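Please read the structure below before turning to the comments.
Just so it is clear, A, B, C, D, E, F, G and H label the chains in written order, and each chain counts residues from 1 on its own.
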Amino acid sequence: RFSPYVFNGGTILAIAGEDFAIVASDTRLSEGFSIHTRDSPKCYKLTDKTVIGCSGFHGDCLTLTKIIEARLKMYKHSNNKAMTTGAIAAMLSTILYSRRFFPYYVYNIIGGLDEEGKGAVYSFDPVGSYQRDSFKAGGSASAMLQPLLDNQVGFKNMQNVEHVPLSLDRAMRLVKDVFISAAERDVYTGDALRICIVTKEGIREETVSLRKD
Amino acid sequence: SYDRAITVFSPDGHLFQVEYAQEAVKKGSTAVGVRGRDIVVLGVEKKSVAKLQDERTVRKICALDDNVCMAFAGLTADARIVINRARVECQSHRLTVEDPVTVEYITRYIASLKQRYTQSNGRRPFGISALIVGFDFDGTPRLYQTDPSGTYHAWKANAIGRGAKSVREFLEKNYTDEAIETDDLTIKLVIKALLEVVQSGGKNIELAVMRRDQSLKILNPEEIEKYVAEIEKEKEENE
Amino acid sequence: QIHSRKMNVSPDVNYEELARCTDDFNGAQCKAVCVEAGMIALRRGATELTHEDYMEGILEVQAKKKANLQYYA
Amino acid sequence: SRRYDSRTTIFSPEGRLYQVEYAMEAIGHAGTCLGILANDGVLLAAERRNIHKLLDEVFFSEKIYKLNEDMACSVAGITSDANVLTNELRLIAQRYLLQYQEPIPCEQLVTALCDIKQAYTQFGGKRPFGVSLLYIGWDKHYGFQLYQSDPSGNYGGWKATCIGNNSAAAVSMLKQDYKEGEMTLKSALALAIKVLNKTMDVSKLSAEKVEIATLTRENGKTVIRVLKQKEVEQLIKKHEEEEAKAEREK
Amino acid sequence: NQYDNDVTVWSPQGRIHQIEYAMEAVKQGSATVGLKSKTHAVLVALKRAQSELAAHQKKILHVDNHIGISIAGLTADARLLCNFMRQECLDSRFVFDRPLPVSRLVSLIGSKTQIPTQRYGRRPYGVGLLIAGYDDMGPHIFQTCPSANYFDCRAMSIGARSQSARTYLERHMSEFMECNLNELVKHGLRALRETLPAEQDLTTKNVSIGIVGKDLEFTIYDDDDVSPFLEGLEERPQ
Amino acid sequence: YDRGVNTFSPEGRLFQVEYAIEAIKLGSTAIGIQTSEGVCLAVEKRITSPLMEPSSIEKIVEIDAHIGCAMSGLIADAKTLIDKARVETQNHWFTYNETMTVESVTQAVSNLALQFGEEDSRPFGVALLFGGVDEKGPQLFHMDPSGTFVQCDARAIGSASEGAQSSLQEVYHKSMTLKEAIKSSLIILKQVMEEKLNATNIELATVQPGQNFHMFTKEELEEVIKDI
Amino acid sequence: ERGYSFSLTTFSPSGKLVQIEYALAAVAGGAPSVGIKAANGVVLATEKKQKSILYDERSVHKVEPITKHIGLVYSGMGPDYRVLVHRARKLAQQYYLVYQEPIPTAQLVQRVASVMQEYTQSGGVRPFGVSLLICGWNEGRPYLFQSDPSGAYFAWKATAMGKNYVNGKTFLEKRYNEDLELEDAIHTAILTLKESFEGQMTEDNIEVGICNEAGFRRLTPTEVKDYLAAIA
Amino acid sequence: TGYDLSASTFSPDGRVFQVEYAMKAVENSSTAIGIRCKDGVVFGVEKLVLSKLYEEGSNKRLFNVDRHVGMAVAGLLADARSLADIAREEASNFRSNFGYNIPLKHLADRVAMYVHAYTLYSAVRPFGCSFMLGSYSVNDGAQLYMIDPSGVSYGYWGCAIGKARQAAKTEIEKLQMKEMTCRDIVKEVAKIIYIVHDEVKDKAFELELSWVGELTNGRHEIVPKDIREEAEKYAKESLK
């Protein structure tokens, strides 16, 4: 019959550093076996220190982005200060549960700085749980990306491999390599890779292309 | 419905109907109550009965739980409504939390109802003033009174009804710690206070007690007669 | 301007301000404004008038009844 | 739209309620009832306010309203407000029987009606019910009963009742002729005949102007005896012969 | 005065006095001044306090990225129309994904405040809005009234003794249109230094300034980023 | 001569709110003082009878674990607002994982300080003193029935507020300490009360960034009073 | 409609319902009527004067049926009369829906009296200025029921309402008896209507309806013109 | 006394004093007239400068309700805006339901019923407005209506609303309607408004002119008043 949902796909990555939060995402918006476009960035700049990415069903992503921006403006016009990261996480969990019985088909990843100046990535689920993790990969290429970050960032399952803190440009070559390697086998990985970096000095962006397949 | 505000502030800073509905309390029957340390006692005076009729329906002392006890003044109908709502509320509390209902909760409920009742659109304020005596967990006797304003307010002995100034003046010169030593003496102290109040023929002296591990016992008016008799004997022994 | 004739007006008084702030008065209240402005200037003992005297005379002629309204804005 | 508003709820600055007392003084006119519970039965007495010669008496009822199987009520006040009350009261008792399948006890019936009346005394400005009314009835827990409704919502059980302003002297008479449980159903009827003979100023008590109904206890029936006129006539003759016997003491 | 009780009653002279009384309630606020150039709109208010130790009641409050309002009178009705203002801004910011022009917003404000001024048993909103904004066609300086008869101006001033402010603004309305931010703002606070008696003025303690610019987001300043604006002045005459 | 309750004045104000500002004045006094070490606060109970058990009268009630309060005059209108203010602070910490600051609390209260009307009744009759330690340091806040909410550094209310404000401006400055402000408050108390100052008359409430929660049990009040 | 809902009906200082006393006076200032029950049927009769010679007598009707066996007249104001007539119409059809049986007249008077009483309690409204005379032949014995603005009702053997109801009632006490026929009922009814009306009483100045046990019947100006031979 | 209070009560001689007081509320407003020609309707509103008080373009009483209908209000202003919003909403409902342009009779009747319905009760006050409604259609011609505070709505060739009401229609009645195109009537209304309402109490004034007809091809808009500037070049020649 009328089906209310459709899978647009997309791939969002996040890495929490010592003083930085890198969020990157492909820009292909597709449906089934077609391409609607090759430029649609999943990242969104909420505050000066918070970037959210939203993949899955696209209309719910747009709606959720606009509602989050509205409630940000409501918090600002009530309390003379911007929200934190964890405040946005709690509010988003309340929103994602507030349509429990007609759910959003949306994966959500919030990166940003905490109030101490440290990296914090809050993952989500379509129904409204969250947790403070160091790295997550959401969307269609999640399973192609989580074990490799477990290998490089988490240092899991290795022997006599010391724990080095993750630097910046090392994280950059990581993000570029994982998107190339995931774009080899995925059908939903875009061309344009939109990398957002949140530092203690503002928001940087960076556009790196891929193979045009 | 009735979109109006009955109770307006005064030009000099009053609520006419809250301060003025205390007069209806002031022109009702008198009732005292003290707490001893192990036995609680209260009772009303001035039944002003026709001495020749039924008396089981005019009972001014009732209970909400097996733990809590009532008294009031003012007009009786508003007391009937407030008692019905209080019974419902205490039993609904027993529905939730599995304790016996604390007295402080039911007094806060009564005062909160009374205040949101005075606040609302066109509802006439309750011209009563109740006494809520109970002894909750670990046996602690406590007693609170109400007011048409809605101020639960803990006391040690009572002063309401007709001529409450005289009764509190007697309790003032009768605040002896010795009086709450012997339960029998506390009962006799209520009898002597109510004797320093109205006719006290031993007819309109309706009193009920609770020994905090039982329920309320309404006393048969022959025991009260012997209480008044031994009070008169001690009054003769004073000379 | 007519009733300010015999009084010694300091000539730094704009009647346009006065007329544009005296709302819904009659001529008699305007005469009351001018005379009470003269006497308010006579309170401090200064000889010739001032614009502030006219302002306070308007405030006296309006006849507020306060009761200490201060808590606004 | 507020200068027309009549304010029938706000206290008066003498210290009491205002409209409540005037409803009471509306009780005081047009009405005079009482009953005599003093064992095996209970009765009601009533005065004809419309004793005019051009009625029908085809209702097989009057002031009495058999509201259930085991309860009736005598009215005094404005009549049709009480019809609103009797309909609502009958429906209350019947919904109780619907809810439990056991007949309705008389005090929670009385308190339901008292809460209805106090509900129109308390909030709005609505006109209060100018009806006081009686109650006879039976239960499983006390036997025969008597109750006195008041327009405030206050009630009170009696053993010898009173509504109308003509019957305050009747309460004086009920005290001066008080008995301790002696209703052989001829003594109580003669006493009621004596009371209505003295208190109403109708000379010699024509039996068309009175009304007596009784309620006795039968095992499976609980009959309500709205008795006919001939026994009232011979009751009047019995009482006038006993007044002639009683004034041989002078 | 049996016609002076309610909003519903027309007078036998046609002047419904509840509106006049609400006007007089607006007249008892603090003084405030708003004025625009061709490129920048500036509104300047004056703060007051209840006592020495307490802080000063703030006047300029934020609404949106390009809309800011002044206020005079009551504060409950102020915050009520304030909440309605942010709500109606973010509604169209949600739906159309564009900023609101100011004129339709103030038409919505008038249509909002009409209903409590016509039915029975509601008060007119005692409120003293001075609205500065940016649609695509530049600055707008509006004022409201409790009669909802909103105005567009080039310089208004409402509050206590605000008429001398209007006199100062008349003899410089020709000079206003050309200048940049700095002398514009100091003309506004020179209106404020004549809305006061001549011996207590604005010693970094009572004034607030809200500028909106073609690249500048609406921003409030208070005493400390106003200390740069307060120098560059001369004294009052003898 | 009974007019509509939502009528302004011939002069301009209202009526019923002005009568509320009059109705504050009969109440008991209270004194709160902001200090950078923390906010201290004091009140008078006005004990009437010896039969009146003294520890049951509430003046300082608890809004949050770090936001205090004190009430005046009518007790029970204040009780509704205290309950609701608590509820709304709990809603903020829940939906935001953080502490609702004291200004946002008082904005949430004076949003419906005046919603009095016939549809959708009277204005409330209580003056409130709000304290606590948010991220902006200590804060002391004062509202009114008219919703005209302002910050105050050391506000005194109610029946003796004239000499309290005057003699308070005599003793106050910016760099006070805690205990000095405590005894500086209760000196003003036992100049403005009527009964003898003792263990049962007054009660304190102090909240600090160090002394994290407002905590004030009895008989340190004895130690403070015997220090006079 | 606005939120007022307050009853304008207040007891007196003495205890009297001044708006009901005034409504009774407004009833007493209306057109006279008489209605008589006489062993086999019930006769209702009104007094219907046109103001001019211009008016038509085929448009407005006083005697009005409620069911096929229940007649109803009044003495008061037609503009309220038609309203509560229509109410009684709608009310009788719910009974006939529920029980599938024609409603007894006592049950009509119960429910109509409940409506009128409930409406004088209700807020911001005046009482009706209408006294009814309801009749019908239910279960053999015919009936006759008068109501009033106060909500009360009675049961009469013969009565009158309107102007000079006292004089007509004193004529009824002397004239009526226990047993008559329908024709004698019409005779005494036109006699007591002729007691208070003007001298020219024709087939149109009166308007008379009867009731049989065979059902209600509303007589025509033909038989009314037939009847005033050897008039009253 | 007592009978001037409510909008529901009658008088001992049979009229509603609320409606009368509301009628003479509009009497103090500025003079605004209107007149139609054989292929259009011309509006014109005298707006007054005090000294500064605004900018050449606030609160313009010439509204614009539908694509071919606009208002020419005078009286209490905010009430006129609320009524204009109701009229826009009503033309919206008509356009949404029946699919074509609202006839001016139906619009005027709906608005008149709303104004009359606000006169019936004690909860609301009557309106303090009196406004004009012009239109044009190829199958209907030119229609000019006029709605008082009571709700009496009928048609004119010319009308006037404000302080100067007779003295503004003294010379409306000296024009004619068959022989005029509206481009003469523009400067005619312009020269008369500059003639009436002398300089005595108010000093500076300002003119607005609305304009609908066949020349706008069925549209309704303000004149390019600065274009052809037709008032003033004859208005300064109208003083002698």
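The rule is short, and it goes like this: contacts are C-beta pairs under 8 Å (C-beta built on N, C-alpha and C of every residue); 3 or more make two chains touch, one makes a residue touch a chain.
For each chain, UniProt lists the protein as follows: A = Proteasome subunit beta type-1; B = Proteasome subunit alpha type-7; D = Proteasome subunit alpha type-4; E = Proteasome subunit alpha type-1; F = Proteasome subunit alpha type-5; G = Proteasome subunit alpha type-2; H = Proteasome subunit alpha type-3.
> Give me the chains shared as neighbours by subunit B and subunit C.
Of all the chains present, those in contact with both subunit B and subunit C are F.
> With contacts defined as at the top, give the pair, B-G or D-G, that has more of them.
Most contacts of the two pairs: D-G.
> Could you give the separation in Å between the centres of subunit E and subunit G, each centre being the mean of its C-alpha atoms?
Measuring from centre to centre gives 70 Å for this pair.
> Approximately how many whole Å separate the CA-defined centres of subunit C and subunit H?
For subunit C versus subunit H, the centre distance works out to 41 Å.
> Could you say which residues in subunit B touch two or more other chains, in rising order?
Correct list: 1-4, 6, 122.
> Which subunit A residues sit where two or more other chains touch them?
none
> Would you pick out the residues of subunit E that each touch at least 2 other chains?
28, 50, 57, 74, 120-121, 166
> Quick one: in the complex, what on subunit A touches subunit F?
My answer: residues 78-80, 83-84, 86-87, 89-91, 94.
> Provide the residue numbers of subunit E that touch subunit F in the complex, in ascending order.
By the definition above, subunit E touches subunit F via 4-6, 18, 21-22, 24-25, 27-28, 49-55, 57, 74-76, 79-80, 83, 121-124, 126.
> Would you mind writing out the residues of subunit F in touch with subunit C in their complex?
Per the stated touch rule, the residues are 10-13, 18, 144, 146, 148.
> Please give the residue numbers of subunit B that touch subunit G in the complex, ascending.
Per the stated touch rule, the residues are 1-3.
> Name, in rising order, each residue of subunit D that touches subunit B in their complex.
Within the complex, subunit D contacts subunit B at residues 2, 5, 9-11, 13, 15-17, 107, 111, 114-115, 118, 121-125, 146-147, 152-160, 171, 175, 178.
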